[PDB]
Structures are given as C-alpha cells and as structure tokens.
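# Topology and contacts: notes
Here's the letter readout for the chains.
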4 protein chains.
Amino acid sequence: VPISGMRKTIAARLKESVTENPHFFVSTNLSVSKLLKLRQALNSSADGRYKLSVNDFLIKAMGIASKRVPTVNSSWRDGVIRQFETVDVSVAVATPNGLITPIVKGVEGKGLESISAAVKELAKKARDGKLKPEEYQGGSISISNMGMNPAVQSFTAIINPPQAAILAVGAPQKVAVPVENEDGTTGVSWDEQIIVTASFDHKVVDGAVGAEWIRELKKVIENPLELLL
Amino acid sequence: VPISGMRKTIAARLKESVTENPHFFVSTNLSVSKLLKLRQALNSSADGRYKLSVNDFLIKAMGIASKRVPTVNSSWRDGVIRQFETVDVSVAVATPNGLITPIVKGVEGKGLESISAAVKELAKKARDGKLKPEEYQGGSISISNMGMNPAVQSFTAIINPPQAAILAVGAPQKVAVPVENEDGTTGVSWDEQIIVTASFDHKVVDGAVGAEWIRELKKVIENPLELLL
Amino acid sequence: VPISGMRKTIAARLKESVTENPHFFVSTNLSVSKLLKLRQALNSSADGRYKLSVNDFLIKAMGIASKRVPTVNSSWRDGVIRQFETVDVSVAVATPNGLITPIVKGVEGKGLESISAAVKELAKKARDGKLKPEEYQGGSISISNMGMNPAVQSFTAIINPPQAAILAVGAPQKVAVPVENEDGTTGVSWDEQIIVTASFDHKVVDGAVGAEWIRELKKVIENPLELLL
Amino acid sequence: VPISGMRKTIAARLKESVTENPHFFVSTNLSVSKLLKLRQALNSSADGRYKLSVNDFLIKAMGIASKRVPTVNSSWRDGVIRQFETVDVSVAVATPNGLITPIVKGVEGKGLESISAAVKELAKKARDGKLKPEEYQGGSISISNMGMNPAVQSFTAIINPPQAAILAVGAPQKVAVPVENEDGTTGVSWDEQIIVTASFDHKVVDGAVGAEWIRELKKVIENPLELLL
C-alpha cells in the first residue's frame, strides 16, 4: 500500500524530535480515591449542565504546577530560551485519520466547566474534521490519555516539538496500601492508583526540576482542595 | 472644628450617588459551617506560605456570580450601558483618615492565595498611605466588611459611583436549624449563619435579577466545591 | 449597548418617587402554618375548578387592612389628599421586557376564586403583551412577590407613584418557636414564617399608623377565619 | 533569556551520547528492610565519628558487582575495548548551577566510612565550586540518586560518556508481600521496596550480562552480610 503522504510529515517531525532532543522519563504513582469522590459529588450536584472527567482535573493541575515551576513551560529556539507566562495545553485525540493535538488556551484560572466544554467541542470538531491550523499549531505543553483502555498500566510518548515536556496517564488499578486501625495493628486498604509518565527534554530541564514538578502535581492531586489555589 | 476639606469631596460624591441612583436592598442568610471547615483545613495543610479569611472566598463567589449574571457587572453612562467582561472588586479599608477602596483586578480565575496576598499588600499600603489613584479609581463592584465586630448582625452601605451594586457582610451568629436524626423524629442543630445585604441601583438591575444573583451566591457558598467551577 | 428608551421613563418615574417622597420601612414576621393548611384543604375540596396561592390571601388581607385603616389607602395631590373607598391592588409581574403592574379592582368583597382567575388572566396577558393602559395605570396600593425564589428572606421595593405605600413578601422559612407541652416544661416547635416589608411615604402616613395597619394584617393572617369578616 | 553557554557543552555531550550509543533499560525491585536495620545499628553504635546513608551501601554493591562481572566496567574507544580493573564511581550532585559528577576512586576495598567522608567532602566542595577537572573527568561507571524526593517511584538517566552504564535509585515505598506464619496459612507483611533502573550501552553489553549484573546486585543487597565478601 503506498503511503498517504500525510504520515511522511509526522514521521519527519518525530525524527527531528528524537534526534534534536534527548529524552528521559519519570514514572510516578498517584492516589485518586478522593478525586473520584469529588468528581462524583460535582456530577451529582448538577442539572445536566455539565459533565466532568479525570483529564480536566489533570489539566488544571498541570497548569498549577507549570505556574509554580515556570522552567518547564519553556522551549528551545535560536540561541535563546523562550519562556511563556500562560499555560497552553495540547490535548491528543485519536481519529480514524490518525492523531491530532487541539489546544486549550489560558488554562490557569479558567474553570473546569469551561475546560470540559472546550475539550468536548474540539474533540467533536476533530472527529468531523473542522479545525483551523492555529488551533493545533503551538502550545507549550502536551498530554496524551488512554484511560478508557484498562489494560495499559503505563506508557511513554514523544515530545511534539518545539515543546519541552509531555505527559501520559495510564489506567486506574487496585493496589494494596497499609492503614492503621483504631488499635495499634495495621490493616489492608484498597486504594485506586494511577501511573503517570512524564517525558522531558534534557537540554532545558534537569532531573531535579522534573522531580519538583512531579511532586507539586502529586501534592495537588492528593489534596484536591488545593486546586482552588 | 473646621472641616478637613477631604470630607467635602466624599460628601458630594455620596450626595450625587443617592440623588442620581435610587437604592433598594436585598437581605439574605447564608450557611458557612462547611466554609469554615474548608478554611481551617486549607490553613492546616500549609507551611505558613499563606493564610486565608472569609472575605477572599466571598470575593471569588462574587466574581462567579457576576460572570453567571453579567447584567450586575454594569454601569450607567451618557445614554449608554457600559458592560464589562472581567470583575474588578473594590474592597473597603477603614483608615484613621477615613475610608478607602483599593481594587483587585481579574478576580475570576486568579486564585485565593494570590487574592489574599494582594489584599494584604493593598491594606498595608493603605494604612501607610502609599497608593496611586488608579488603584482605587475604577472597579465595577464593591464590598464592605465588618466581620471583626461581632455586634453587627446586618447593615447597609452606599453605592460608590459609577458602579451599580455593592455588598455588605455582617458577623457570624449561632442559629437554630432543624435536622432529621436516623429515626423519624426531628432534632435541633446549631448552624453558623451570616446575614448579607446587597444594595442595587434600580436603573440597571431589577428585583428578579438581584434575586438570581443572590441565589447563585448562596449556592456557590453553601456548596463550596463549586468554587472550582 | 444603547438604551431601549422604555427604561428612561421608568428611571425618571422612580427618580421622581424617591426625590418627592421620603421612604421609611417596616419589617415584620408572620406565621402561615394555618394558612397553608387552609389552602391545601380548599385545593383538595375542589374539582379542578380553581387553584389558590398565597398572594391571593395576602391581597384579601391587604384589602381588609386598608378598609380598617383608610388613611393608608390615600395619595398626595395638588394641595389636597385624595382618599378612596375601594381598594385597587397593583400586582407586579416580571416579564422579559421588564416589570409591569396590572390592577385588580374592588378587592374587598370579591372572592378568592375570582381574584385568582383575574390574576392568572392578567399575568398571561402581560406575558403576551396584550394589555390596555388603564389596566396598569392607577391603583391605590401595590405589591411585589418573590416567593418562588427561596433564597430571598427579605427585600425592599419602591413606591409606584402617586400611591403612598407598597408591600413586599419574602420567602417562607423554618424557625424555632417555643411550645408548652401538657406538662409544665417547654418544647421546640417548627413554625413556617415569612418576612414582610412595607414601605410607606411619610407625608401621609406616620409610624403609628403603619404599625396599626401591620398589626391588623398579622391578626387577619394568623387567624385566617377572619377573612370572612 | 540567552543561553549561559555552559549548557551548550552539556547538550552537545548528551546528544553525542544518545546518537552514538543506543540505550536499553532494565528495571528491578530491591528489598532493604535488613539494610535499614543495619544502617540504624551502625549509626547507633557510634560516637558521631561517622554517619551513613543508602547511597554508600549502593556504591559498595556496585563495586562488588562490577568486579564479579568485569564486562560492564568497560568502555568504547577507537576500534578497541578498554577494560579497567578497579571501579571508579561518578556520583551526581545537583547544584543551582546545574549538574556535576565528582568521582570516588578505588571503591572495592575502601571502607564505608572513608566512602561517606569522601562523598561529603566532594559534595560540599561542589556546592562551593572548588573542584579540579580531574575530580570529575573520567570514571568507569556512574550513578544518580533521588531518594530524598518521595514522589519518584522510578526514573531513567543518560549515560555520561565514554562510559557504558548508569544506575538510578528511586525512593523507598511500602509494598505487600506474602509470608508464612507458623501455621499453614499465609499472611500479609509490609516490606520496604525500592525500584532501581539501569541504562546500558548495547554495543558492549547484552541483556543477559546486564541481567546477571542486576542479579548480583540484588543478591548482595538482600543479603547485606556478603558486603564483607
């Protein structure tokens, strides 16, 4: 079967990415038992005006972490580092034509409902093929999601240039965790864990910086009430 | 004692306000038993990096209500209604010199920590007398607080022109509330209530619109989790 | 947005009202636990021929109070007080176009069923925009209702000229009330209260007169059987 | 912001590493419940003359493994494989200036106290910026540590050339492990695990050889008493 020609450009782009930017990966485990309760309660306290998902919370937390550690929200240019202030998030969508990366603008201080609405709109517009180039050309940081497929515990991705970092969220799973009962003996509690994998470019970011970013993300997720901050 | 002259300007301003703009008031009762728990928990889960109050939550809720009902965030000009998009909040501070109204900019989508920091800075700068005119000339909506004084149950205020509405927050109090125990009998529960008084200008806003705004405020407060939205 | 022009007339009218007529307010609390039972029983003892609300009982009580104290049912004219004998009641309706005040004629000695029918007809005709000027130009006394909105405890309004008084009915609420059981000990009973706010013009009416009017209203309500009288 | 120029050299070096040497990763899990007891005992049986950590034990185990499997302690040169005899260990230190790799010489048969002392000296000298080039130019094998940050379950690194391998030690975590009580039933016991990630160069080393190295490391750690051997 001859090649469609469109795949050629994506191949060249990914090749440029891996040959220009070295990659190193970080892998962590989050606890989402409180996040799911929050999502359930917010979905219940509504009149069909909205519907939330885990990706929106993740995007808000990404914005917060990028604001607390601005070195990640950066790029690599001609003998100069371009540092932004706002957070432009590239979300991946898997169409029958392949992959596409619409963008959400000004995430920090935008609202989860607006985020969900924009995401649904862009996703349906991508399934219909009704986008503009500006909507998916740009972005400082990216993300890919596979939570619908429960088998994927973890996976890596590739940095869509000229960005510096990219995220990946596996599926949820059941894990054993200790717990102290009211007495001195320990016990077994079943918490819902997710694996998260972050790929960074090493020219801009270092291991300590990536670790700090991941720590802030984990903290924000594990204490969802800090999303207000 | 002759007059300082500064009071002359404020007298003329308030006279213009009351003679140009008719005033009608709306008085409601909120429930903050969950809000105070939330504030206590966020304060405990910190390293002295921040410290929260009730006024900040109130300001965020004001922004949310103003965005859900933009007719309030309005004004009256020469044969034209000027409608904003963002929410500029005028907070009152009581100096020994008198009263002053610094402004917070872009409340909606800003964050409670940043709000508290800006409010503390502006309050100390007002106590010192180190402000610019632009920092207290403008704003679409205003507020006055008297929560430190436990005697005041409710009170009205006056609309700082050219705005259209202003808020007032009394002190907290203990009130009796019914509650259904596990059995069919009712019981007595002690809830922490606050009275809130909103003054509106009648040229722009109507009773139904003000009531809708207050309903949204009460909803967001009584369900603090919707502050994320 | 330029102004519709219709709002100009209402603004001028309200400005004339507040600048010509000083306003003072009287705020009381009623008890409707018997009224609601009466309404429920009259609704049950019917064949769908009619359907009652709270506003109709309130209007009948307004007529009774006005007849017991005719000084309220008055006005202010060119060097003369015009005093009526019948009670013409101006009921507010909130259309998407704004606010409107249809009139009911000869309330005292008319009947609740006829009152409800006329109010429904006038409300639907106002929603359709099919009224005559005479039907909303006149009236000795006025009223505004917000009972559908449970958030509003109390609120004020403005005197539609050339009248002298206007009413306002908040929402119902649950309040603690003492009660003496069969033994000597007191107990807690939950009564359904409403707050009522009456604005008066001070040229015609005095505080004592307004208080007398409110006392008669409270009496007739708390003893609904006196509606016959 | 322009680039400092120092980052250019590191970026070029890492680009050379990834483009010249392929990378494959091995990931295992260790058990340190005995190691921590040993560390605690040696720390308590002391007079402040020394203080130990996990990194030193890991370095000793690395040396032992390299001596049992010398093929890892190698490099790639001009048409020739250079094989050492001793073990020169490059330890990473994260300064505000960036990253640096001081060296420990002659690890095998040196002593944990001497190791800890030298590492503390070099770390403080790197924080001060008082090093010689020979002290961080050379080395056969490397290591990076992130144990202070409890969020990092695992991570990869990049091979500092001209070396052939590099290690990475995640944080400790609590994991469920079966255990046989005195009776026939199994039970739950909580063991402290660490994840370890090793990146190798495929030109020199094969998967079997790397697996053998990792097996020897795991064995030496899980039986700390063989450190004497």
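- By the method listed in its record, cryo-EM, this PDB entry was determined to a resolution of 4.3 Å.

## Some words on a nonpolar patch on the surface
- On the surface, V188 and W190 of chain A together with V188 of chain D cluster together to form a nonpolar patch covering roughly 330 Å² of accessible area.
- If you trace the backbone, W190 of chain A turns up in strand β8 (residues 186–201).

## Looking at the interface of chain A and chain B
- Facing the 18 residues of chain A at the interface are 17 residues of chain B.
- Interface area, chain A with chain B, both sides summed: about 1600 Å², of which 66% is carbon and sulfur.
- Three residues, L225, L228 and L229 of chain A, lead the burial of chain A against chain B; their summed loss comes to 39% of the area buried on that side.
- Viewed at the interface, chain B and chain A are joined by 0 salt bridges.
- Where chain A meets chain B, there are 1 residue pair in polar contact.

## Examining the relation of the copies chain A and chain D
- By a simple turn and slide, chain A fits onto chain D: the slide is 0.0 Å along the axis, the RMSD is 0.1 Å, and the turn is 120°. Given the turn and translation reported, the copies of this chain are related as if by a three-fold rotation axis. Minimal C-alpha distance to the rotation axis in chain A is attained by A176 of chain A, lying at 3.8 Å.
- Residue by residue, only 11% of the interface of chain A is reproduced at the interface of chain D, so the copies engage with different surfaces.

## Section: the packing of aromatic side chains
All names here are of chain C.
- Within the structure shown, the criterion is met by 9 aromatic pairs over all chains.
- Seen from their ring centres, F200 and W213 are 6.1 Å apart, and the 90° between their planes marks the pair as edge-to-face. Of this pair, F200 sits in strand β9 (residues 186–201) while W213 sits in helix α5 (residues 207–222); the two residues are 13 residues apart in sequence, bridging distant segments of the chain. Take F200 and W213: they sit in the same class, and that class is buried.

## A word on the pairing of strand β1 (residues 23–31) of chain B
- Note that β1 of chain B and strand β8 (residues 186–201) of chain B share 9 bridges and pair antiparallel. For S31 of chain B, the partnering residue across the bridge sits in β8 of chain B and is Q193 of chain B.

## Focus on the packing of helix α3 (residues 54–68) of chain C against α5 of chain C
Residue and element names in this part refer to chain C.
- In the contact formed by α3 and α5, the axes pass within 9 Å of each other and the chain directions differ by 135°. Relative to α5, the element α3 is oriented oblique. Judged by the sense of rotation from one axis to the other, the crossing of α3 with α5 is right-handed. Residue-level inspection shows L58, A61, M62, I64, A65, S66 and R68 of α3 in contact with α5, the latter providing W213, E216, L217, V220 and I221.
- Grouping the constituent residues of the contact of α3 with α5 by class yields 9 nonpolar, 1 polar and 2 charged.

## Structural notes on the environment of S90 of chain A
Residues and elements named next belong to chain A.
- Its location among the elements puts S90 in strand β2 (residues 89–91).
- Sequence separation of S90 and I141 is 51 residues, and the distance between their C-alpha atoms is 6.2 Å.
- For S90, the residues in contact, after removing those within four places along its chain, are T101, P102, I103, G138, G139, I141, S142, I143 and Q163.

## Some thoughts on the environment of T86 of chain A
Residues and elements named next belong to chain A.
- Looking at the secondary structure, you find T86 in the loop between α3 (54–68) and β2.
- In the structure, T86 is positioned 19 residues away from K67 in sequence and 7.9 Å away in space, judged by C-alpha atoms.
- Of note is the side chain of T86, whose polar atom sits 3.4 Å from the side chain of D88.

Parameters at a glance
Note on numbering: positions run from 1 along each chain as its sequence is written and may not match the entry's numbering; residues without coordinates are not listed. Each chain gets a letter, beginning with A, and each ligand a number, beginning with 1, in the order they are written. Keep in mind that this is only part of a larger assembly, and the values describe that part, not the whole. Hydrogen atoms and water are omitted, and side-chain values are computed over all heavy atoms in the structure. For patch detection, residues must exceed 30% relative accessible area and be free of salt bridges, and they are connected within 9 Å for like charges or within 5 Å for nonpolar side chains (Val, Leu, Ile, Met, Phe, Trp, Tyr). Accessible areas in this description were obtained via Shrake-Rupley with a 1.4 Å probe; residue shielding takes into account the shown protein chains only. Should a side-chain nitrogen of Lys or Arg be within 4 Å of a carboxyl oxygen of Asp or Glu, the pair is scored as a salt bridge. Strands here mean DSSP runs of E at least two residues long; helices mean DSSP runs of H or I at least four residues long; both are numbered from the N terminus. Contacts are assigned to residue pairs that have any heavy atoms within 4.5 Å of one another. Summed over both partners, buried area is the accessible surface (1.4 Å probe) that two parts give up on being assembled. Pairs of N or O atoms are called polar contacts if they sit within 3.5 Å, as long as, within protein, a hydrogen donor faces a hydrogen acceptor (for residues adjacent in sequence, only side-chain-to-side-chain pairs). Every copy is matched to the others by a least-squares superposition of C-alpha atoms. Centres within 6.5 Å make a pair out of two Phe, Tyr or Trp rings, where for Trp the six-membered ring is used; the pair is then stacked when the planes are under 30 degrees apart, edge-to-face when over 60, and tilted otherwise. Throughout, exposure labels follow a simple rule: accessible area from a 1.4 Å probe, protein chains only, divided by the maximum for the residue type, with under 20% read as buried, over 50% as exposed, and the rest as partly exposed. By this definition, two strands are paired if DSSP reports at least two bridges between them. Axis angles are defined between N-to-C directions and span 0 to 180 degrees, where every axis is a line fitted to C-alpha atoms and, for a helix, only to the segment in contact. Working rule for angles: under 35 degrees goes down as roughly parallel, over 145 as roughly antiparallel, 65 to 115 as roughly perpendicular, anything else as oblique. Should the near helix be turned counterclockwise from the far one by less than a right angle, the crossing is left-handed, whereas a clockwise turn marks it as right-handed. Polar here means any residue outside two lists: the nonpolar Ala, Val, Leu, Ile, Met, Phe, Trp, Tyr, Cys and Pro, and the charged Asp, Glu, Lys and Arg; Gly therefore counts as polar.

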